[PDB]
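To start, the structure itself, in structure tokens.
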Amino acid sequence: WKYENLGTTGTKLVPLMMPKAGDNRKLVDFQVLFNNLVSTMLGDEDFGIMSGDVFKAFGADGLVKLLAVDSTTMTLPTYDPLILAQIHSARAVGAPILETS
Amino acid sequence: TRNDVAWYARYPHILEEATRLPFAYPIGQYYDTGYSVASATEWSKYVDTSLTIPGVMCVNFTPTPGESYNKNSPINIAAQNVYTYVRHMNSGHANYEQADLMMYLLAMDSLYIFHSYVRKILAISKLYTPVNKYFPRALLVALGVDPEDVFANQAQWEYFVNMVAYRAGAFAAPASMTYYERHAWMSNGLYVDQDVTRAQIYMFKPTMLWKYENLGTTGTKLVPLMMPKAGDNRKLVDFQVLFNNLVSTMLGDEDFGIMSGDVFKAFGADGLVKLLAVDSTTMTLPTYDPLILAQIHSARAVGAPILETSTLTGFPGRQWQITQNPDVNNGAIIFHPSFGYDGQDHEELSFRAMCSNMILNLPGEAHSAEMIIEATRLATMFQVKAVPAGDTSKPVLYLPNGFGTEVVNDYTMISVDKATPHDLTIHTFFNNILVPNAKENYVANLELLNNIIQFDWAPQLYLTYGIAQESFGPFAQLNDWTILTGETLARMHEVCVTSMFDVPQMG
């Protein structure tokens with residue numbers, strides 16, 4: 001969901017499609033995807049005010065922590081029956097409808 | 001089976017008497033070697049008996065907030081971060097936005113660089129060495145001050161610098177924002193190229209500073225205010241009108257007082273930037289700092305700042321401006337200067353030699369990440385050419401691929417003349433030096449080269465010739481070098497602009 005600020009006529013989270021399997025996308029494609037995702041909220045004043053208000057309301061221990069990655073970071077395959085239970089009863093809804101669709 | 005005594009130990013007095021030579025010649029002084037043939041005076045300029053050794057290379061810099069094209073810039077994200085830190089520490093409704101606070105926070109940096117500059121002018125003037133005759137007058141000439149005005153009017157100079165520290169110390173700026181600490185580290189300090197007593201000295205002087213220039217409802221525009229160059233014999237009245245032009249819009253102003261008091265409430269009094277006081281006993285000594293030398297060695301000069309009065313034929317509206325406007329780019333702080341200017345509305349053909357990929361050179365073989373990223377700070381690489389307007393353009397401009405918290409405009413070197421009366425000589429140059437086709441400037445360019453290689457970590461030179469139509473590459477000695485492309489330097493620039501403008505944790 002990409003933010004797409006509109007002003008006095010409100011706010012509209014828009015779809016930003018991710019690359020699908022078989023697309024051989026390089027780092028430049030993920031870079032322009034990240035830059036398209038943050039173009040309206042990176043150095044913006046309203047997002048900073050809302051972020052600082054969330055940072056004052058919930059403490060620094062109460063915030064969502066992003067994991068850092070070095071050259072030794074590995075995720076191992078784990079066994080989780082809750083994941084498997086919701087995959088087993090998953091029903092696919094289809095493709096997202098876009099404005100160009 | 002008895003080793004007999006050698007000749008040098010059988011006659012040690014002969015060896016010690018033949019080899020008693022007077023070393024440690026004072027620098028700041030012309031030396032004639034004399035003739036070994038002495039019939040060679042018939043060969044007038046074909047015999048060189050002169051020996052001039054330079055002492056000062058001043059790096060002339062412009063303080064920058066980094067490159068900025070939109071609100072996704074690191075200066076705008078830093079503005080957001082510091083504004084939500086300050087606003088969530090101050091009870092009440094603010095009247096300023098995030099961009100007003102960051103423009104205040106850059107104007108405070110230009111004030112602190114001015115204070116460090118005039119305090120450097122003061123603290124240099126008390127330096128004396130018998131074996132270095134460049135102290136203190138060549139350092140004062142390289143900073144653009146008349147040296148006799150500082151000695152004749154010493155108490156007035158001390159009053160002026162103490163009043164600058166009092167009037168700029170009334171404003172608050174965060175101490176744990178390393179931009180101020182780095183700019184103070186550069187502007188306060190003499191740096192030897194080698195840890196010896198007769199060493200060459202590096203300095204840092206601002207080429208220009210940022211003047212606030214409030215505009216009202218149409219935003220905020222930091223404008224250039226040029227500093228005096230080396231060879232200008234500027235007195236205390238000139239530095240006084242420079243200080244008065246720098247503070248005319250923010251000294252007794254209400255908005256700057258409100259922003260200063262909000263920074264003073266957000267960050268404690270221990271968390272503010274402290275300006276150093278100067279008495280009549282204040283002295284700065286030349287120190288050995290390999291990080292300074294590493295970033296001087298990989299410095300690349302970007303050229304002169306473009307001003308509003310500067311005439312450029314095919315480039316209108318390219319003056320250097322940290323701007324802010326709610327009409328343009330959604331109220332983001334905007335700064336993207338073009339490079340390759342020197343005055344003199346024509347193409348400086350030597351900047352084509354700055355279109356290669358740079359060489360980052362270090363000593364030793366083990367390089368930490370901190371040393372590698374500190375050595376790239378004054379490095380700036382061009383990326384594309386700026387597009388002119390009018391199909392008739394005399395200069396050639398370049399857009400960078402990002403830059404650090406300061407760019408290098410120039411280097412100024414101070415040596416002694418080989419002609420009588422052997423006064424100070426002032427040479428200004430970029431990394432790129434054009435050698436046109438005339439008989440005068442070949443030996444002059446060779447003298448500039450031999451002067452530059454006396455400096456241990458001098459910036460790497462690029463030399464082009466007129467008749468050759470050819471540039472020569474990096475004129476420097478390499479030890480452990482790598483080739484930097486513009487993208488690696490852009491990533492290091494973005495990391496270092498983010499690290500300089502970083503605020504602590506609370507909200």
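In the structure tokens, chains take letters A, B, ... by order of appearance, with residues numbered from 1 within each chain and ligands from 1 in the order shown.
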
_Applying 12 Å and only C-alpha atoms, which residues near residue B:100 remain after dropping the ones on its own chain fewer than 2 positions away? List them as a PyMOL selection string._
(chain A and resi 45) or (chain B and resi 76+79-80+82-83+94-98+102-107+212+214-217+219-222+255-256+258-260+322-326+331-333)

Once you count only C-alpha atoms, which residues of chain B turn out to be within 7 Å of chain A? Could you give them as a compact mmCIF listing (two decimals) with C-alpha atoms, in the first residue's frame?
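What ended up in part.txt:
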```
# COMPACT_ATOMS: atom_id res chain seq x y z
CA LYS B 71 11.50 15.36 0.68
CA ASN B 72 13.17 11.92 0.50
CA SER B 73 16.55 13.64 0.91
CA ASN B 76 14.62 16.48 4.95
CA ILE B 77 14.37 13.18 6.83
CA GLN B 80 11.54 15.53 10.23
CA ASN B 81 13.47 13.63 12.91
CA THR B 84 9.53 15.71 16.05
CA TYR B 85 12.21 15.48 18.73
CA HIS B 88 7.55 16.55 21.45
CA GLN B 98 10.25 21.41 10.24
CA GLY B 507 9.64 11.35 21.41
```

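Close contacts of residue B:164, defined as residues with an atom at most 9 Å away when counting only C-alpha atoms, with chain neighbours fewer than 5 positions off set aside, comprise residues 111, 114, 115, 118, 159, 169 and 243 of chain B.
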
_What parts of chain A does DSSP call strand (DSSP E)? I'd like the answer as number ranges by chain._
A: 5-7, 10-11

Just N, CA and C atoms for this one: save the residues we selected as a PDB file, in the first residue's frame.
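Produced file part-v4.pdb, reproduced below:
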```pdb
ATOM      1  N   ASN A   5      -0.854  10.974  -0.866  1.00  0.00           N
ATOM      2  CA  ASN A   5      -1.551  12.068  -0.199  1.00  0.00           C
ATOM      3  C   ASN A   5      -2.310  12.924  -1.211  1.00  0.00           C
ATOM      4  N   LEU A   6      -3.500  13.367  -0.802  1.00  0.00           N
ATOM      5  CA  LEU A   6      -4.410  14.090  -1.674  1.00  0.00           C
ATOM      6  C   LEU A   6      -4.721  15.503  -1.208  1.00  0.00           C
ATOM      7  N   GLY A   7      -4.489  15.824   0.055  1.00  0.00           N
ATOM      8  CA  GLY A   7      -4.691  17.173   0.554  1.00  0.00           C
ATOM      9  C   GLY A   7      -6.001  17.294   1.317  1.00  0.00           C
ATOM     10  N   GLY A  10      -8.604  14.255   1.211  1.00  0.00           N
ATOM     11  CA  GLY A  10      -8.414  13.020   1.945  1.00  0.00           C
ATOM     12  C   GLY A  10      -7.131  12.254   1.703  1.00  0.00           C
ATOM     13  N   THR A  11      -7.206  10.933   1.857  1.00  0.00           N
ATOM     14  CA  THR A  11      -6.050  10.051   1.831  1.00  0.00           C
ATOM     15  C   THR A  11      -6.457   8.747   1.154  1.00  0.00           C
TER      16      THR A  11
END
```

_7 Å contact set for stretch 392-403 of chain B, only C-alpha atoms, chain neighbours under 5 positions out, as an MDAnalysis selection string_ = chainID B and resid 66:67 312:314 338:341 345:348 380:386 486 490 493

_Taking 3 positions as the minimum chain separation for residues in the same chain, which residues sit within 12 Å of residue B:357 when counting only C-alpha atoms? Answer as an NGL selection string._
:B and (300 or 352-354 or 360 or 379-383 or 401 or 473-474 or 482-489)

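Counting from atom CA of residue B:276, the distance to atom CA of residue B:458 is 29.6 Å.
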
_Need to verify the contact set: residue B:264, 10 Å, only C-alpha atoms, exclusion of same-chain residues closer than 2 positions in sequence. Can you return it as a PyMOL selection string?_
chain B and resi 86+90+171-174+258-262+266-272

Give me the residues within 8 Å of residue B:425 as an mmCIF file with N, CA and C atoms, in the first residue's frame, counting only C-alpha atoms and dropping any in the same chain fewer than 6 places off.
```
data_model
loop_
_atom_site.group_PDB
_atom_site.id
_atom_site.type_symbol
_atom_site.label_atom_id
_atom_site.label_comp_id
_atom_site.auth_asym_id
_atom_site.auth_seq_id
_atom_site.Cartn_x
_atom_site.Cartn_y
_atom_site.Cartn_z
ATOM 1 N N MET B 413 48.039 27.530 -1.803
ATOM 2 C CA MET B 413 49.343 27.194 -1.266
ATOM 3 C C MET B 413 50.176 28.457 -1.081
ATOM 4 N N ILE B 414 50.884 28.535 0.043
ATOM 5 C CA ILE B 414 51.743 29.669 0.371
ATOM 6 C C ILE B 414 53.181 29.172 0.423
ATOM 7 N N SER B 415 54.025 29.720 -0.441
ATOM 8 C CA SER B 415 55.452 29.441 -0.449
ATOM 9 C C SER B 415 56.219 30.765 -0.434
ATOM 10 N N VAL B 416 57.536 30.675 -0.551
ATOM 11 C CA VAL B 416 58.417 31.834 -0.622
ATOM 12 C C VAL B 416 58.816 32.032 -2.079
ATOM 13 N N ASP B 417 58.909 33.291 -2.500
ATOM 14 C CA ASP B 417 59.412 33.618 -3.825
ATOM 15 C C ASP B 417 60.901 33.315 -3.922
#
```

*Assign secondary structure with DSSP using the backbone only, and return the residues of stretch 77-187 of chain B in helix (DSSP H, G or I) as an MDAnalysis selection string.*
chainID B and resid 77:87 98:124 137:142 147:152 154:168 178:187

Writer output for current selection, C-alpha atoms, as a short mmCIF file (atom, residue, chain, number, x, y, z; two decimals), in the first residue's frame:
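Done, and the output landed in out36.cif:
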```cif
data_model
loop_
_atom_site.label_atom_id
_atom_site.label_comp_id
_atom_site.auth_asym_id
_atom_site.auth_seq_id
_atom_site.Cartn_x
_atom_site.Cartn_y
_atom_site.Cartn_z
CA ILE B 77 14.37 13.18 6.83
CA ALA B 78 16.75 14.71 9.39
CA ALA B 79 14.52 17.81 9.53
CA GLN B 80 11.54 15.53 10.23
CA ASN B 81 13.47 13.63 12.91
CA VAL B 82 14.82 16.70 14.74
CA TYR B 83 11.48 18.54 14.47
CA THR B 84 9.53 15.71 16.05
CA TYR B 85 12.21 15.48 18.73
CA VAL B 86 12.02 19.21 19.51
CA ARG B 87 8.23 19.55 19.18
CA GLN B 98 10.25 21.41 10.24
CA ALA B 99 11.97 23.19 7.37
CA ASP B 100 12.26 26.45 9.33
CA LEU B 101 13.97 24.55 12.15
CA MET B 102 16.44 22.84 9.81
CA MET B 103 17.23 26.13 8.02
CA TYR B 104 17.85 27.70 11.45
CA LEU B 105 20.02 24.69 12.25
CA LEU B 106 22.15 25.25 9.12
CA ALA B 107 22.43 29.02 9.67
CA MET B 108 23.73 28.24 13.16
CA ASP B 109 26.41 26.09 11.53
CA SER B 110 27.49 29.00 9.33
CA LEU B 111 27.69 31.20 12.45
CA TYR B 112 29.80 28.62 14.26
CA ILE B 113 32.15 28.27 11.28
CA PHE B 114 32.49 32.08 11.24
CA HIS B 115 33.35 32.10 14.95
CA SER B 116 35.90 29.31 14.52
CA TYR B 117 37.36 31.21 11.55
CA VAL B 118 37.90 34.49 13.41
CA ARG B 119 39.11 32.64 16.53
CA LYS B 120 41.56 30.82 14.26
CA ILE B 121 42.77 34.19 12.92
CA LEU B 122 43.32 35.26 16.53
CA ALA B 123 44.94 32.07 17.86
CA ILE B 124 47.28 31.71 14.87
CA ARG B 137 52.07 35.45 8.72
CA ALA B 138 51.57 32.86 5.97
CA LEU B 139 48.70 31.29 7.90
CA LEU B 140 47.13 34.75 8.28
CA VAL B 141 47.61 35.60 4.60
CA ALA B 142 46.08 32.22 3.68
CA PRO B 147 48.45 40.29 9.33
CA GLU B 148 49.53 43.74 10.54
CA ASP B 149 45.94 44.61 11.47
CA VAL B 150 45.78 41.65 13.86
CA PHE B 151 49.00 42.64 15.66
CA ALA B 152 48.27 46.38 15.71
CA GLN B 154 44.95 42.87 19.05
CA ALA B 155 42.56 43.96 21.82
CA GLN B 156 39.89 45.04 19.34
CA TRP B 157 40.23 41.69 17.55
CA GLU B 158 39.85 39.86 20.87
CA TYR B 159 36.77 41.94 21.68
CA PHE B 160 35.29 41.18 18.25
CA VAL B 161 35.82 37.42 18.51
CA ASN B 162 34.55 37.30 22.11
CA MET B 163 31.47 39.30 21.08
CA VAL B 164 30.88 36.92 18.16
CA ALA B 165 31.07 34.02 20.63
CA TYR B 166 28.68 35.83 22.98
CA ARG B 167 26.15 36.79 20.30
CA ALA B 168 26.24 33.46 18.44
CA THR B 178 28.05 15.68 14.67
CA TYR B 179 27.72 18.22 11.81
CA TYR B 180 28.68 20.99 14.24
CA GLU B 181 31.46 18.95 15.84
CA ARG B 182 32.93 18.00 12.45
CA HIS B 183 32.78 21.57 11.10
CA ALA B 184 34.38 22.84 14.32
CA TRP B 185 37.05 20.12 14.05
CA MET B 186 37.85 21.29 10.52
CA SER B 187 37.68 25.04 11.19
#
```

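Here atom CA of residue B:38 is placed at a distance of 26.4 Å from atom CA of residue B:17.
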
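Note that atom CA of residue B:19 and atom CA of residue B:4 are 24.2 Å apart.
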
*For each of B:292, B:145, B:470, B:211, take the minimum atom-to-atom distance to residue B:238, counting only C-alpha atoms, then give the residue where this is smallest.*
B:145
